Amino acid sequence: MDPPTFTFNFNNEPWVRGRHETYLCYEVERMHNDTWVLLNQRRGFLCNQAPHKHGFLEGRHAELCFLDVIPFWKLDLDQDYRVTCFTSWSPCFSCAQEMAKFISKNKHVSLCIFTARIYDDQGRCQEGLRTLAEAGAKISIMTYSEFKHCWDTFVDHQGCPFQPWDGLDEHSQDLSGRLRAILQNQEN
DNA sequence: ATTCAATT
Ligand SMILES: [Zn+2]
């Protein structure tokens, strides 16, 4: 575990050097119809670099790297599995449609994606976000309650204490406003 | 409010 990088990433407003690779964190849980098993005790990290075992490159997208990990865990179709994904960027557009198809072909898996922030290069992919919320698995903005879990789970709070600042609130203001516009415009 | 795959 390295110094509070998760916390640093949120306040990385000025640290925006302009040369950083995207890293995704993943979690896996085992659920049995007869019994439930919590594998939350174990956790792992994922990089935007696709692993060689996945085969040839399918495109240049951080979300695709996450998609490559699902088939590598060889999940049983007869057993239910809950997987979580933590990311700090917009859901994308073409990839957003791919995640919707994945759940449709696998509704037995509980998948939730948390976006720390959403950056739209141009106004047009907003429609994908609406579809993403319906089939793009459950998406929510990172909050203090979830942040403490990610902070304690991804980084050991022992020796590495996280100091709360009014930064998460400032970030929430942008996401709460932008996300509110999409959900608020939810046409009946 | 925010940054940015292959071979021996
Ligand atoms: Zn993408």
# chains A, B, ... in the order shown; residues from 1 in each chain; ligands from 1

call {"tool": "select_by_dssp", "arguments": {"residues": "range 54-115 of chain A", "states": "helix (DSSP H, G or I)", "output": "list in words"}}
result
residues 54, 62, 63, 64, 65, 66, 67, 68, 69, 70, 71, 72, 94, 95, 96, 97, 98, 99, 100, 101, 102, 103, 104 and 105 of chain A

call {"tool": "write_last_selection", "arguments": {"atoms": "N, CA and C atoms", "output": "compact mmCIF listing (two decimals), in the first residue's frame"}}
result
# COMPACT_ATOMS: atom_id res chain seq x y z
N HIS A 54 -5.20 -11.96 -21.79
CA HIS A 54 -6.53 -11.62 -22.38
C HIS A 54 -6.50 -11.86 -23.89
N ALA A 62 -10.09 2.17 -20.65
CA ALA A 62 -9.85 1.61 -19.29
C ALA A 62 -10.97 0.62 -18.92
N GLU A 63 -12.18 0.90 -19.31
CA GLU A 63 -13.31 -0.01 -18.97
C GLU A 63 -13.08 -1.39 -19.61
N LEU A 64 -12.55 -1.43 -20.79
CA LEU A 64 -12.31 -2.74 -21.45
C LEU A 64 -11.35 -3.58 -20.60
N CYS A 65 -10.36 -2.96 -20.02
CA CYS A 65 -9.41 -3.74 -19.17
C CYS A 65 -10.21 -4.44 -18.07
N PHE A 66 -11.14 -3.74 -17.48
CA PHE A 66 -11.98 -4.35 -16.41
C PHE A 66 -12.77 -5.52 -17.00
N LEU A 67 -13.29 -5.33 -18.18
CA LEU A 67 -14.07 -6.41 -18.83
C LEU A 67 -13.18 -7.64 -19.03
N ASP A 68 -11.92 -7.44 -19.29
CA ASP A 68 -10.99 -8.59 -19.50
C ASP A 68 -10.85 -9.41 -18.21
N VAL A 69 -10.89 -8.75 -17.08
CA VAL A 69 -10.73 -9.47 -15.79
C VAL A 69 -11.93 -10.39 -15.51
N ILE A 70 -13.12 -9.98 -15.84
CA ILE A 70 -14.31 -10.83 -15.55
C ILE A 70 -14.10 -12.27 -16.07
N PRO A 71 -13.81 -12.47 -17.34
CA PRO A 71 -13.60 -13.84 -17.89
C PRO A 71 -12.40 -14.54 -17.26
N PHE A 72 -11.47 -13.78 -16.74
CA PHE A 72 -10.27 -14.41 -16.12
C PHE A 72 -10.64 -15.01 -14.76
N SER A 94 -19.01 4.63 -25.96
CA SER A 94 -19.12 3.30 -26.62
C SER A 94 -18.98 2.20 -25.57
N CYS A 95 -18.11 2.38 -24.62
CA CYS A 95 -17.93 1.34 -23.57
C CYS A 95 -19.18 1.28 -22.70
N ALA A 96 -19.83 2.40 -22.50
CA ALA A 96 -21.06 2.40 -21.66
C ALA A 96 -22.06 1.40 -22.23
N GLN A 97 -22.20 1.37 -23.53
CA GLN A 97 -23.15 0.41 -24.15
C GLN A 97 -22.67 -1.02 -23.92
N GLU A 98 -21.38 -1.23 -23.93
CA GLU A 98 -20.84 -2.61 -23.73
C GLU A 98 -21.19 -3.11 -22.33
N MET A 99 -21.07 -2.28 -21.33
CA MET A 99 -21.41 -2.74 -19.95
C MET A 99 -22.89 -3.10 -19.86
N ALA A 100 -23.73 -2.39 -20.55
CA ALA A 100 -25.18 -2.71 -20.50
C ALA A 100 -25.41 -4.11 -21.08
N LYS A 101 -24.76 -4.43 -22.16
CA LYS A 101 -24.92 -5.78 -22.77
C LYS A 101 -24.38 -6.86 -21.83
N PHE A 102 -23.28 -6.59 -21.17
CA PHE A 102 -22.70 -7.61 -20.25
C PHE A 102 -23.72 -8.01 -19.18
N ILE A 103 -24.31 -7.06 -18.51
CA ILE A 103 -25.30 -7.40 -17.46
C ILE A 103 -26.48 -8.15 -18.08
N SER A 104 -26.90 -7.74 -19.24
CA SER A 104 -28.04 -8.43 -19.90
C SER A 104 -27.69 -9.90 -20.11
N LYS A 105 -26.45 -10.17 -20.43
CA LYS A 105 -26.04 -11.59 -20.65
C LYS A 105 -25.67 -12.21 -19.30

call {"tool": "select_by_dssp", "arguments": {"residues": "chain A", "states": "strand (DSSP E or B)", "output": "PyMOL selection string"}}
result
chain A and resi 23-31+36-37+44-47+80-87+109-115+138-141

call {"tool": "write_last_selection", "arguments": {"atoms": "C-alpha atoms", "output": "PDB file, in the first residue's frame"}}
result
ATOM      1  CA  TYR A  23      -5.937   2.687 -12.564  1.00  0.00           C
ATOM      2  CA  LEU A  24      -9.101   0.737 -11.666  1.00  0.00           C
ATOM      3  CA  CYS A  25      -9.698  -1.101  -8.369  1.00  0.00           C
ATOM      4  CA  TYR A  26     -11.782  -4.313  -8.377  1.00  0.00           C
ATOM      5  CA  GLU A  27     -13.355  -6.549  -5.720  1.00  0.00           C
ATOM      6  CA  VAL A  28     -14.845 -10.059  -5.936  1.00  0.00           C
ATOM      7  CA  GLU A  29     -17.428 -11.792  -3.713  1.00  0.00           C
ATOM      8  CA  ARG A  30     -18.687 -15.396  -3.765  1.00  0.00           C
ATOM      9  CA  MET A  31     -22.430 -15.972  -3.255  1.00  0.00           C
ATOM     10  CA  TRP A  36     -23.412 -16.849   1.247  1.00  0.00           C
ATOM     11  CA  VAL A  37     -19.622 -16.297   1.291  1.00  0.00           C
ATOM     12  CA  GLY A  44      -7.072  -6.498  -5.726  1.00  0.00           C
ATOM     13  CA  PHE A  45      -6.103  -3.621  -8.041  1.00  0.00           C
ATOM     14  CA  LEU A  46      -6.501  -3.277 -11.822  1.00  0.00           C
ATOM     15  CA  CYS A  47      -4.544  -1.060 -14.226  1.00  0.00           C
ATOM     16  CA  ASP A  80     -23.978 -15.683  -8.111  1.00  0.00           C
ATOM     17  CA  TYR A  81     -21.010 -13.293  -7.804  1.00  0.00           C
ATOM     18  CA  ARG A  82     -20.955  -9.629  -6.727  1.00  0.00           C
ATOM     19  CA  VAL A  83     -18.170  -7.498  -8.250  1.00  0.00           C
ATOM     20  CA  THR A  84     -17.476  -3.820  -7.487  1.00  0.00           C
ATOM     21  CA  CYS A  85     -15.567  -1.317  -9.646  1.00  0.00           C
ATOM     22  CA  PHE A  86     -14.114   1.996  -8.402  1.00  0.00           C
ATOM     23  CA  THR A  87     -13.091   4.565 -11.044  1.00  0.00           C
ATOM     24  CA  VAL A 109     -23.735 -10.896 -11.195  1.00  0.00           C
ATOM     25  CA  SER A 110     -24.171  -7.819  -8.985  1.00  0.00           C
ATOM     26  CA  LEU A 111     -21.988  -5.122 -10.580  1.00  0.00           C
ATOM     27  CA  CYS A 112     -21.733  -1.563  -9.211  1.00  0.00           C
ATOM     28  CA  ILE A 113     -19.500   1.182 -10.671  1.00  0.00           C
ATOM     29  CA  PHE A 114     -18.608   4.268  -8.611  1.00  0.00           C
ATOM     30  CA  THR A 115     -17.476   7.304 -10.610  1.00  0.00           C
ATOM     31  CA  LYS A 138     -25.700   0.574 -10.542  1.00  0.00           C
ATOM     32  CA  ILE A 139     -23.699   3.842 -10.674  1.00  0.00           C
ATOM     33  CA  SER A 140     -23.324   6.248  -7.740  1.00  0.00           C
ATOM     34  CA  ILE A 141     -21.069   9.169  -6.756  1.00  0.00           C
TER      35      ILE A 141
END

call {"tool": "residues_around", "arguments": {"residues": "range 2-8 of chain B", "least_positions_apart": "6", "cutoff": "8 Å", "atoms": "only C-alpha atoms (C1' of nucleotides)", "output": "compact mmCIF listing (two decimals) with N, CA and C atoms, in the first residue's frame"}}
result
# COMPACT_ATOMS: atom_id res chain seq x y z
N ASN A 12 -6.16 15.94 -6.36
CA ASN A 12 -5.16 16.11 -7.45
C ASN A 12 -5.59 17.21 -8.42
N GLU A 13 -6.34 18.19 -7.98
CA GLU A 13 -6.76 19.27 -8.91
C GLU A 13 -5.53 19.92 -9.55
N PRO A 14 -4.61 20.42 -8.75
CA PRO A 14 -3.37 21.06 -9.27
C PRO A 14 -2.33 20.04 -9.73
N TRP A 15 -2.28 18.91 -9.07
CA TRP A 15 -1.29 17.85 -9.43
C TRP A 15 -1.52 17.39 -10.87
N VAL A 16 -2.53 17.90 -11.53
CA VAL A 16 -2.79 17.47 -12.93
C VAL A 16 -1.56 17.72 -13.80
N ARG A 17 -0.56 16.88 -13.68
CA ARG A 17 0.67 17.06 -14.50
C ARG A 17 0.31 16.87 -15.98
N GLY A 18 -0.66 16.04 -16.24
CA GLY A 18 -1.08 15.80 -17.65
C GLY A 18 -0.50 14.48 -18.16
N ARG A 19 0.23 13.77 -17.33
CA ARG A 19 0.79 12.46 -17.78
C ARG A 19 0.53 11.40 -16.71
N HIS A 20 -0.69 10.95 -16.59
CA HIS A 20 -1.00 9.90 -15.57
C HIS A 20 -1.83 8.78 -16.21
N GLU A 21 -1.53 7.55 -15.91
CA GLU A 21 -2.33 6.44 -16.49
C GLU A 21 -3.52 6.17 -15.57
N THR A 22 -4.60 5.67 -16.09
CA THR A 22 -5.79 5.42 -15.23
C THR A 22 -5.67 4.06 -14.55
N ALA A 50 -4.17 -3.78 -20.45
CA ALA A 50 -4.81 -5.11 -20.62
C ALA A 50 -3.74 -6.20 -20.45
N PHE A 56 -5.37 -10.51 -27.82
CA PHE A 56 -4.99 -9.28 -28.57
C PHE A 56 -5.77 -8.08 -28.02
N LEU A 57 -5.33 -6.89 -28.32
CA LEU A 57 -6.05 -5.68 -27.82
C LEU A 57 -7.39 -5.55 -28.53
